[PDB]
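Let me begin by presenting the structure, written as structure tokens, before commenting on it.
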Amino acid sequence: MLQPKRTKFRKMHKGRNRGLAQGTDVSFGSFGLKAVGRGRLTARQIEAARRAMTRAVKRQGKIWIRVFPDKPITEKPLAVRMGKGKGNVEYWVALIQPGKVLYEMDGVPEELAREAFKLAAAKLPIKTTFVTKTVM
Amino acid sequence: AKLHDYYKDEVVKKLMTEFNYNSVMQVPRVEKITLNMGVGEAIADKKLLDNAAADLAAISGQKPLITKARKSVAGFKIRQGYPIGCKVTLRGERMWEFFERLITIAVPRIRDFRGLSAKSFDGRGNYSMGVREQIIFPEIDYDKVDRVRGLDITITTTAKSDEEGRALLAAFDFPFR
Amino acid sequence: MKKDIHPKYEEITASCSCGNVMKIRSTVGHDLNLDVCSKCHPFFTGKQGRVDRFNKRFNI
Amino acid sequence: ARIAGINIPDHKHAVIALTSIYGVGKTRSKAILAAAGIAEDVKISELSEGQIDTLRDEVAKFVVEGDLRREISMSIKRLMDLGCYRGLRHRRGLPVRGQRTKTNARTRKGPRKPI
Amino acid sequence: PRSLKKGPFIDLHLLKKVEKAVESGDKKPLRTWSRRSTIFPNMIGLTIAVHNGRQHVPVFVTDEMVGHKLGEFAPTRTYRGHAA
RNA sequence: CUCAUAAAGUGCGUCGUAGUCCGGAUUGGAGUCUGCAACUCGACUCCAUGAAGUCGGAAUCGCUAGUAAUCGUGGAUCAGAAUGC
RNA sequence: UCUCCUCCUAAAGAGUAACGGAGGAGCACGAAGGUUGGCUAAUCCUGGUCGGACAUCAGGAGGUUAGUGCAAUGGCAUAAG
Ligand SMILES: [Mg+2]
Ligand SMILES: [Mg+2]
Ligand SMILES: [Mg+2]
Ligand SMILES: [Mg+2]
Ligand SMILES: [Mg+2]
Ligand SMILES: [Mg+2]
Ligand SMILES: [Mg+2]
Ligand SMILES: [Mg+2]
Ligand SMILES: [Mg+2]
Ligand SMILES: [Mg+2]
Ligand SMILES: [Mg+2]
Ligand SMILES: [Mg+2]
Ligand SMILES: [Mg+2]
Ligand SMILES: [Zn+2]
């Protein structure tokens, strides 16, 4: 479960998630799972997808996680009246814009990479596609 | 003045022949000699720092600067601005006379003397050595001492490299081992 | 040089038992009698086995 | 005044002043004074400079101070590097010449170390 | 120690084995029970297995190290320390 | 006949209260004797070094006269090896 | 919690709310004020008696990563240090 070791501040504003993403190319490995929809990726979701990939490939090849959940999300408990302070931090998300290469993989044939990325795309909450490294 | 005249008449010629220089200004000079005493037990007895100042003054023939702490240190329980050492800087005539006193008298009086390390250059040609017992200087009489002390000596030189610095000191016949 | 704060620094004579006489300005005041100098120290001048001792003690 | 790199006592007699050297005892001090032709009850303060010079010559004939210290250290290190029984005893800091270690042995074993 | 006039002591069987080893080169270690024999200059560079009570300890005889005893060289008491 | 000069004492000089000219443990080197052989594991000699120790907590012991204290000597055992008897 | 200061929210002038997110103040100083003259930091590496990861000394690298009587912001080399 990914989380920053320390941050300057514990709570952040909600903010907005407009625009299209940077880091949209396959940079290190040969194949990539790229997000086409827009949303948030919980650290639990990222972990579940990574576990599914690594188990599908059986620990050959190399896997890069190109996103990191650095934004804390708060929640209020039940039976708490609205308005008495910002709530407590519960989990961390990574905001995703379209075209954002979430995961990336090398050292494995294309069909096995496609199958592993299919299992992880089934674990993720947003729309994805499979992309290949292109020379320029 | 004796070793300074010795410098001017033969050491510059020796270094010219040795290193194929083009300028007598390029031939290295001995710039200064700095003597320092770390008297860090002044925090317990400040008066002993005054004793060490009188000691260094008698050795070098010059009143010393009482050096204080640059910044406060946790382990040694010193505060910034607190006097913990003393230092003299020797330039010119007094530097040459003290250098002669050292290399002729005080160095042969060292207990268990087998020579000075040739690795004691700071990478730039400057030399540093330590004196364990100030009693090696004859200016300090024996039965008037209260505590055995030491000091350290830094010959700062305008030479560019270790080979040049050790060549200069060897041309002055500095007892390297 | 500042006045009145520096120690008295006048020229004296140091004699070493190897017959050496030298003159230096120093702060001790009186003349100096030296046990050794740079001209008679063995390091400066240049004055500084089991099978052998076995053969010497048990020569046959 | 200064013999073999240390300052000998001045108000004591000649034999004690010469045995203050590391490496000179009573017998060697008597040998030094006999070879220098100097009475043993004459103090260093009433000894002249030339007599002190002859004493320096005789002490330099003997082997004292740093030479003796480094010979002893070299021999002990030679044993401990060699690995004989005496070398092992010197390594563990125990009595070497076959003394008992069940009791006593306190000079080599230092102060008592309770459990 | 031994008197100078009596010279250094060495067992005859050990001396003969050393002489044979010298004249026919470096073989396997010289097995011996003579802790009482002193090392001579002639067995320099040789492996001697000295009996110490239950096993034969190998000793590699060299130059700086002659004149002592193989008994000094082979310890007899095994000691690792109390409270272990 | 040998072991086998008893020592404390006595007289003279030095030391002048200091870890010392007290103390003699430890250690390095060089040896002698005995014994087939001194490494584990002997004694003594010489040289070199000079550790703790400056009168000892609670407690505890011996002694009523040639005794306590203090200083030397011999024997048995034994080739050699006593601060024990 | 209630007065005062600093940042953000605050939408590139000002101002701007919530039991919104973070920190401070209720002083100090006759020098820590005035002026004239002078000077430049943090940290690391190398060498050096006790001295050690760290004291004082010498040289280099570095270039304000320091400093500011006390928070934070904005300033500061002509130094405001
Ligand atoms: Mg003796
Ligand atoms: Mg014994
Ligand atoms: Mg003591
Ligand atoms: Mg006393
Ligand atoms: Mg008795
Ligand atoms: Mg008898
Ligand atoms: Mg007997
Ligand atoms: Mg505005
Ligand atoms: Mg606006
Ligand atoms: Mg309004
Ligand atoms: Mg101010
Ligand atoms: Mg100004
Ligand atoms: Mg100002
Ligand atoms: Zn001389």
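Simple scheme: letters A, B, ... for chains in structure tokens order, numbers from 1 for residues in each chain, numbers from 1 for ligands in the order shown.
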Given a cut-off of 7 Å, which residues of chain A touch chain G, counting only C-alpha atoms (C1' of nucleotides), written out as a VMD selection string? chain A and resid 11 83 to 85
Given the selection you just returned, output its residues as a file containing N, CA and C atoms, formatted as a PDB file, in the first residue's frame.
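Result saved to part.pdb:
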```pdb
ATOM      1  N   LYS A  11      -3.483  17.541   5.488  1.00  0.00           N
ATOM      2  CA  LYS A  11      -4.734  17.653   4.755  1.00  0.00           C
ATOM      3  C   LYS A  11      -4.573  18.598   3.578  1.00  0.00           C
ATOM      4  N   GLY A  83     -19.902  19.941   9.733  1.00  0.00           N
ATOM      5  CA  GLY A  83     -19.273  21.213  10.136  1.00  0.00           C
ATOM      6  C   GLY A  83     -18.776  21.272  11.563  1.00  0.00           C
ATOM      7  N   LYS A  84     -17.530  20.857  11.807  1.00  0.00           N
ATOM      8  CA  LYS A  84     -16.893  20.980  13.148  1.00  0.00           C
ATOM      9  C   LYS A  84     -15.385  20.795  12.954  1.00  0.00           C
ATOM     10  N   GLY A  85     -14.895  20.959  11.718  1.00  0.00           N
ATOM     11  CA  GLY A  85     -13.467  20.760  11.400  1.00  0.00           C
ATOM     12  C   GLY A  85     -13.301  19.792  10.245  1.00  0.00           C
TER      13      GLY A  85
END
```
Surroundings of ligand 12 up to 12 Å, based on only C-alpha atoms (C1' of nucleotides) and all ligand atoms, as a VMD selection string: chain G and resid 35 to 39 77 to 80
Taking N, CA and C atoms (P, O5', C5', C4', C3', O3' and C1' of nucleotides) for each residue, export the selection above as a PDB file, in the first residue's frame.
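Result saved to part-v9.pdb:
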```
ATOM      1  P     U G  35      22.188  56.242  10.984  1.00  0.00           P
ATOM      2  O5'   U G  35      23.669  56.797  10.947  1.00  0.00           O
ATOM      3  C5'   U G  35      23.920  58.179  10.782  1.00  0.00           C
ATOM      4  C4'   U G  35      25.335  58.515  11.162  1.00  0.00           C
ATOM      5  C3'   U G  35      26.415  57.817  10.358  1.00  0.00           C
ATOM      6  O3'   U G  35      26.709  58.478   9.142  1.00  0.00           O
ATOM      7  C1'   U G  35      26.879  57.606  12.655  1.00  0.00           C
ATOM      8  P     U G  36      27.380  57.685   7.921  1.00  0.00           P
ATOM      9  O5'   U G  36      28.897  57.495   8.353  1.00  0.00           O
ATOM     10  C5'   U G  36      29.779  58.597   8.473  1.00  0.00           C
ATOM     11  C4'   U G  36      31.111  58.171   9.035  1.00  0.00           C
ATOM     12  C3'   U G  36      31.798  57.017   8.332  1.00  0.00           C
ATOM     13  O3'   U G  36      32.459  57.392   7.141  1.00  0.00           O
ATOM     14  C1'   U G  36      31.892  56.676  10.657  1.00  0.00           C
ATOM     15  P     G G  37      32.628  56.327   5.956  1.00  0.00           P
ATOM     16  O5'   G G  37      33.605  55.219   6.555  1.00  0.00           O
ATOM     17  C5'   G G  37      34.980  55.500   6.753  1.00  0.00           C
ATOM     18  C4'   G G  37      35.709  54.418   7.520  1.00  0.00           C
ATOM     19  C3'   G G  37      35.664  53.009   6.972  1.00  0.00           C
ATOM     20  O3'   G G  37      36.480  52.813   5.837  1.00  0.00           O
ATOM     21  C1'   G G  37      35.403  52.941   9.305  1.00  0.00           C
ATOM     22  P     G G  38      35.997  51.807   4.689  1.00  0.00           P
ATOM     23  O5'   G G  38      36.181  50.367   5.336  1.00  0.00           O
ATOM     24  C5'   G G  38      37.478  49.835   5.544  1.00  0.00           C
ATOM     25  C4'   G G  38      37.472  48.663   6.492  1.00  0.00           C
ATOM     26  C3'   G G  38      36.874  47.373   5.974  1.00  0.00           C
ATOM     27  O3'   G G  38      37.753  46.654   5.134  1.00  0.00           O
ATOM     28  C1'   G G  38      36.077  47.784   8.144  1.00  0.00           C
ATOM     29  P     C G  39      37.166  45.683   4.007  1.00  0.00           P
ATOM     30  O5'   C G  39      36.532  44.482   4.825  1.00  0.00           O
ATOM     31  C5'   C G  39      37.342  43.542   5.510  1.00  0.00           C
ATOM     32  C4'   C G  39      36.483  42.513   6.193  1.00  0.00           C
ATOM     33  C3'   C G  39      35.655  41.641   5.272  1.00  0.00           C
ATOM     34  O3'   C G  39      36.389  40.556   4.747  1.00  0.00           O
ATOM     35  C1'   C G  39      34.308  42.434   7.040  1.00  0.00           C
ATOM     36  P     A G  77      21.165  43.583  -1.676  1.00  0.00           P
ATOM     37  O5'   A G  77      22.746  43.596  -1.682  1.00  0.00           O
ATOM     38  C5'   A G  77      23.478  44.609  -1.017  1.00  0.00           C
ATOM     39  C4'   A G  77      24.948  44.278  -0.979  1.00  0.00           C
ATOM     40  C3'   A G  77      25.533  43.748  -2.285  1.00  0.00           C
ATOM     41  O3'   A G  77      26.851  44.255  -2.458  1.00  0.00           O
ATOM     42  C1'   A G  77      25.884  42.177  -0.557  1.00  0.00           C
ATOM     43  P     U G  78      27.155  45.296  -3.634  1.00  0.00           P
ATOM     44  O5'   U G  78      27.268  46.692  -2.885  1.00  0.00           O
ATOM     45  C5'   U G  78      27.796  46.766  -1.569  1.00  0.00           C
ATOM     46  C4'   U G  78      27.505  48.097  -0.926  1.00  0.00           C
ATOM     47  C3'   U G  78      26.512  48.055   0.227  1.00  0.00           C
ATOM     48  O3'   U G  78      26.867  49.053   1.178  1.00  0.00           O
ATOM     49  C1'   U G  78      25.687  49.465  -1.460  1.00  0.00           C
ATOM     50  P     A G  79      27.810  48.683   2.421  1.00  0.00           P
ATOM     51  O5'   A G  79      27.225  47.309   2.937  1.00  0.00           O
ATOM     52  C5'   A G  79      26.188  47.300   3.897  1.00  0.00           C
ATOM     53  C4'   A G  79      24.966  46.611   3.362  1.00  0.00           C
ATOM     54  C3'   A G  79      23.914  46.252   4.391  1.00  0.00           C
ATOM     55  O3'   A G  79      23.028  47.328   4.630  1.00  0.00           O
ATOM     56  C1'   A G  79      24.341  44.407   2.960  1.00  0.00           C
ATOM     57  P     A G  80      22.908  48.001   6.078  1.00  0.00           P
ATOM     58  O5'   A G  80      21.439  47.628   6.556  1.00  0.00           O
ATOM     59  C5'   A G  80      21.114  47.520   7.936  1.00  0.00           C
ATOM     60  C4'   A G  80      20.151  46.388   8.201  1.00  0.00           C
ATOM     61  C3'   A G  80      20.717  44.984   8.016  1.00  0.00           C
ATOM     62  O3'   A G  80      20.106  44.096   8.951  1.00  0.00           O
ATOM     63  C1'   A G  80      18.927  45.323   6.512  1.00  0.00           C
TER      64        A G  80
END
```
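Identified as lying at most 12 Å from ligand 4 when counting only C-alpha atoms (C1' of nucleotides) and all ligand atoms are the residues residues 16, 17, 18, 19, 20, 22, 53, 54 and 55 of chain F.
Using only C-alpha atoms, the nearest neighbour of chain C within the list D:52, D:18, D:31, D:24 is D:52.
Residue-level contact on chain E: within 12 Å of chain F, counting only C-alpha atoms (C1' of nucleotides), the set is residues 1, 2, 3, 4, 5, 6, 8, 9, 10, 11, 12, 34, 35, 36, 37, 38, 52, 53, 67, 68, 69, 70, 71, 72, 73, 74, 75, 76 and 77 of chain E.
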Who sits within 12 Å of range 72-88 of chain D, only C-alpha atoms (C1' of nucleotides), same chain under 2 positions skipped, as number ranges by chain: C: 49-50; D: 23, 63-70, 90-98; E: 59-77, 79; F: 27-29, 39-40, 48-49
Just give me the gap between CA of residue 51 in chain B and CA of residue 155 in chain B in Å, one decimal is fine.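 These atoms are spaced 24.5 Å apart.
For ligand 5, the set of protein, DNA and RNA residues within 12 Å, based on only C-alpha atoms (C1' of nucleotides) and all ligand atoms, reads residues 7, 70, 71, 72, 73, 82, 83 and 84 of chain F.
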Using only C-alpha atoms (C1' of nucleotides) and all ligand atoms, find each residue with an atom at most 12 Å away from ligand 10 and format the answer as JSON, numbers by chain. {"G": [15, 16, 17]}
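Between atom 1 (Mg, counted along the ligand's line) of ligand 1 and CA of residue 26 in chain D there is a distance of 7.3 Å.
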Within 10 Å of ligand 9, counting only C-alpha atoms (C1' of nucleotides) and all ligand atoms, residues as a PDB file with C-alpha atoms (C1' of nucleotides), in the first residue's frame:
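As a result, selection07.pdb now contains:
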```pdb
ATOM      1  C1'   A G  10      -8.633  34.535  -2.143  1.00  0.00           C
ATOM      2  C1'   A G  11     -10.686  33.425  -8.553  1.00  0.00           C
ATOM      3  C1'   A G  12      -2.467  37.596 -11.235  1.00  0.00           C
ATOM      4  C1'   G G  13      -5.141  45.580  -8.103  1.00  0.00           C
ATOM      5  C1'   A G  14      -7.847  46.208  -3.016  1.00  0.00           C
TER       6        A G  14
END
```
Only residues of chain C matter here; which ones have an atom within 10 Å of chain D, counting only C-alpha atoms? Give them as a VMD selection string. chain C and resid 17 to 18 33 to 36
Export, as an mmCIF file, in the first residue's frame, the selected residues with N, CA, C and O atoms.
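Produced file out.cif, reproduced below:
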```
data_model
loop_
_atom_site.group_PDB
_atom_site.id
_atom_site.type_symbol
_atom_site.label_atom_id
_atom_site.label_comp_id
_atom_site.auth_asym_id
_atom_site.auth_seq_id
_atom_site.Cartn_x
_atom_site.Cartn_y
_atom_site.Cartn_z
ATOM 1 N N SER C 17 77.091 21.131 23.011
ATOM 2 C CA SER C 17 78.275 20.450 23.526
ATOM 3 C C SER C 17 79.109 19.814 22.427
ATOM 4 O O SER C 17 80.228 19.355 22.686
ATOM 5 N N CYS C 18 78.595 19.771 21.203
ATOM 6 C CA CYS C 18 79.388 19.359 20.056
ATOM 7 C C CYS C 18 80.282 20.476 19.537
ATOM 8 O O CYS C 18 80.750 20.399 18.396
ATOM 9 N N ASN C 33 72.470 26.540 27.066
ATOM 10 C CA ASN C 33 73.390 25.411 26.993
ATOM 11 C C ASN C 33 72.599 24.197 26.527
ATOM 12 O O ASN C 33 71.756 23.681 27.268
ATOM 13 N N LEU C 34 72.877 23.736 25.314
ATOM 14 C CA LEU C 34 72.054 22.735 24.649
ATOM 15 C C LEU C 34 72.719 21.370 24.722
ATOM 16 O O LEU C 34 73.936 21.254 24.553
ATOM 17 N N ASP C 35 71.912 20.341 24.977
ATOM 18 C CA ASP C 35 72.405 18.972 24.958
ATOM 19 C C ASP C 35 72.606 18.435 23.547
ATOM 20 O O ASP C 35 73.515 17.628 23.331
ATOM 21 N N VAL C 36 71.786 18.858 22.586
ATOM 22 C CA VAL C 36 71.855 18.338 21.226
ATOM 23 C C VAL C 36 71.300 19.396 20.282
ATOM 24 O O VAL C 36 70.458 20.213 20.665
#
```
Write out as a PyMOL selection string the residues lying within 12 Å of range 25-27 of chain B, counting only C-alpha atoms (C1' of nucleotides) and excluding same-chain residues fewer than 3 positions away. chain B and resi 7-8+10-22+30+157-160+164-165+167-168
Find the residues in chain B near chain C: any atom within 8 Å counts, using only C-alpha atoms. Write them as a PDB file with C-alpha atoms, in the first residue's frame.
```
ATOM      1  CA  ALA B  57      53.663  33.901  23.995  1.00  0.00           C
ATOM      2  CA  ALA B  58      56.943  32.790  25.555  1.00  0.00           C
ATOM      3  CA  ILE B  59      57.489  30.195  22.822  1.00  0.00           C
ATOM      4  CA  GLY B  61      57.915  35.758  21.128  1.00  0.00           C
ATOM      5  CA  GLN B  62      54.537  37.317  20.386  1.00  0.00           C
ATOM      6  CA  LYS B  63      51.248  37.941  22.175  1.00  0.00           C
ATOM      7  CA  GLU B  97      63.772  33.295  13.231  1.00  0.00           C
ATOM      8  CA  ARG B 101      64.749  27.955  16.244  1.00  0.00           C
ATOM      9  CA  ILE B 103      64.535  23.155  12.905  1.00  0.00           C
ATOM     10  CA  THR B 104      67.814  23.667  14.776  1.00  0.00           C
ATOM     11  CA  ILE B 105      66.942  23.409  18.472  1.00  0.00           C
ATOM     12  CA  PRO B 108      66.192  17.551  17.995  1.00  0.00           C
ATOM     13  CA  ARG B 109      64.893  17.837  21.583  1.00  0.00           C
ATOM     14  CA  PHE B 113      62.622  11.291  17.700  1.00  0.00           C
ATOM     15  CA  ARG B 114      62.655   9.222  14.510  1.00  0.00           C
ATOM     16  CA  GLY B 115      61.708  11.879  11.951  1.00  0.00           C
ATOM     17  CA  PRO B 138      64.063  26.134  25.729  1.00  0.00           C
ATOM     18  CA  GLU B 139      62.076  29.316  26.403  1.00  0.00           C
ATOM     19  CA  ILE B 140      59.978  27.343  28.893  1.00  0.00           C
ATOM     20  CA  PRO B 175      64.015  16.228   8.838  1.00  0.00           C
TER      21      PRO B 175
END
```
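Around ligand 7, using only C-alpha atoms (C1' of nucleotides) and all ligand atoms and a cut-off of 10 Å, the residues in contact are residues 76, 77, 78, 79, 80, 81 and 82 of chain F.
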Please provide the set of residues having any atom within 12 Å of residue 5 in chain A, restricted to only C-alpha atoms (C1' of nucleotides), with same-chain residues fewer than 5 positions apart removed, written as a ChimeraX atom specification. /A:10,69-70
In chain D, what's alpha helix (DSSP H) per DSSP? Answer as a PyMOL selection string? chain D and resi 14-19+26-36+49-61+65-82+85-92+106-109
Suppose we keep C-alpha atoms; can you now write the selection as a short mmCIF file (atom, residue, chain, number, x, y, z; two decimals), in the first residue's frame?
```cif
data_model
loop_
_atom_site.label_atom_id
_atom_site.label_comp_id
_atom_site.auth_asym_id
_atom_site.auth_seq_id
_atom_site.Cartn_x
_atom_site.Cartn_y
_atom_site.Cartn_z
CA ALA D 14 74.25 10.83 41.10
CA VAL D 15 73.17 7.18 41.36
CA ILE D 16 69.48 8.02 41.77
CA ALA D 17 69.64 10.70 39.07
CA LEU D 18 71.17 8.23 36.64
CA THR D 19 68.73 5.46 37.52
CA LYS D 26 71.71 0.74 40.27
CA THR D 27 74.36 -1.53 38.73
CA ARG D 28 74.43 0.31 35.41
CA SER D 29 74.48 3.65 37.25
CA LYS D 30 77.52 2.50 39.22
CA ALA D 31 79.08 1.44 35.90
CA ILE D 32 78.39 4.88 34.38
CA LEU D 33 79.89 6.72 37.34
CA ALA D 34 82.88 4.36 37.44
CA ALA D 35 83.53 4.89 33.72
CA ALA D 36 83.16 8.67 34.10
CA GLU D 49 79.10 20.74 32.32
CA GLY D 50 81.96 18.56 31.08
CA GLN D 51 81.17 15.86 33.64
CA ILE D 52 77.59 15.89 32.34
CA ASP D 53 78.99 15.56 28.81
CA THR D 54 80.97 12.47 29.81
CA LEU D 55 77.80 11.10 31.43
CA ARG D 56 76.00 11.71 28.12
CA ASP D 57 78.75 9.84 26.26
CA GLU D 58 78.46 6.85 28.60
CA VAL D 59 74.65 6.80 28.41
CA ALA D 60 74.92 6.94 24.60
CA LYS D 61 77.29 3.97 24.83
CA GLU D 65 64.90 5.11 26.27
CA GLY D 66 63.24 4.80 22.88
CA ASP D 67 65.61 2.15 21.54
CA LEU D 68 64.96 -0.07 24.57
CA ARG D 69 61.21 0.59 24.43
CA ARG D 70 60.94 -0.31 20.76
CA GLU D 71 63.12 -3.41 21.22
CA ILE D 72 60.84 -4.64 24.02
CA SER D 73 57.72 -3.83 21.99
CA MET D 74 59.17 -5.50 18.89
CA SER D 75 60.08 -8.66 20.82
CA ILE D 76 56.64 -8.89 22.46
CA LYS D 77 54.95 -8.28 19.09
CA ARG D 78 57.28 -10.88 17.55
CA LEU D 79 56.08 -13.46 20.09
CA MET D 80 52.39 -12.56 19.69
CA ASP D 81 52.63 -12.70 15.89
CA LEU D 82 54.66 -15.91 16.14
CA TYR D 85 52.51 -20.48 24.10
CA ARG D 86 54.03 -17.29 25.50
CA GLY D 87 52.52 -15.42 22.57
CA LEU D 88 49.07 -16.76 23.40
CA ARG D 89 49.48 -15.88 27.09
CA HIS D 90 50.53 -12.36 26.07
CA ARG D 91 47.47 -12.17 23.80
CA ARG D 92 45.01 -13.15 26.52
CA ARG D 106 45.98 -10.26 39.65
CA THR D 107 48.89 -8.32 38.15
CA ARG D 108 48.11 -9.73 34.71
CA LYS D 109 44.35 -10.01 35.22
#
```
Output as a tab-separated table one row per residue of chain G within 10 Å of chain B: the closest atom pair and its distance in Å to one decimal place, counting only C-alpha atoms (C1' of nucleotides), sorted by chain and residue number ascending.
```
residue	atom	partner	partner_atom	distance
G:46	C1'	B:122	CA	5.1
G:47	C1'	B:122	CA	4.0
G:48	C1'	B:128	CA	5.2
G:49	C1'	B:132	CA	4.8
G:50	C1'	B:150	CA	7.5
G:51	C1'	B:38	CA	8.6
G:54	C1'	B:73	CA	7.0
G:55	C1'	B:40	CA	6.7
G:56	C1'	B:38	CA	4.7
G:57	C1'	B:36	CA	5.3
G:58	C1'	B:154	CA	6.0
G:59	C1'	B:124	CA	6.7
G:60	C1'	B:124	CA	7.7
```
Any residue with an atom at most 8 Å from ligand 2 counts, using only C-alpha atoms (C1' of nucleotides) and all ligand atoms. Which are they? Put them as a ChimeraX atom specification. /D:98-100 /F:41
Limited to N, CA, C and O atoms (P, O5', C5', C4', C3', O3' and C1' of nucleotides), could you put the picked residues into a file as a PDB file, in the first residue's frame?
```
ATOM      1  N   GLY D  98      54.263 -19.459  33.831  1.00  0.00           N
ATOM      2  CA  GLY D  98      53.752 -20.653  34.466  1.00  0.00           C
ATOM      3  C   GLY D  98      53.186 -20.471  35.853  1.00  0.00           C
ATOM      4  O   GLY D  98      53.064 -21.459  36.584  1.00  0.00           O
ATOM      5  N   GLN D  99      52.835 -19.251  36.244  1.00  0.00           N
ATOM      6  CA  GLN D  99      52.201 -19.057  37.536  1.00  0.00           C
ATOM      7  C   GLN D  99      50.778 -19.607  37.523  1.00  0.00           C
ATOM      8  O   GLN D  99      50.174 -19.826  36.471  1.00  0.00           O
ATOM      9  N   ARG D 100      50.253 -19.846  38.720  1.00  0.00           N
ATOM     10  CA  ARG D 100      48.895 -20.350  38.845  1.00  0.00           C
ATOM     11  C   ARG D 100      47.891 -19.267  38.472  1.00  0.00           C
ATOM     12  O   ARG D 100      48.143 -18.072  38.648  1.00  0.00           O
TER      13      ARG D 100
ATOM     14  P     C F  41      51.564 -24.852  33.233  1.00  0.00           P
ATOM     15  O5'   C F  41      53.098 -25.129  33.529  1.00  0.00           O
ATOM     16  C5'   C F  41      53.613 -24.978  34.845  1.00  0.00           C
ATOM     17  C4'   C F  41      54.905 -25.730  35.043  1.00  0.00           C
ATOM     18  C3'   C F  41      56.021 -25.386  34.062  1.00  0.00           C
ATOM     19  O3'   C F  41      57.275 -25.432  34.736  1.00  0.00           O
ATOM     20  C1'   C F  41      55.557 -27.695  33.955  1.00  0.00           C
TER      21        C F  41
END
```
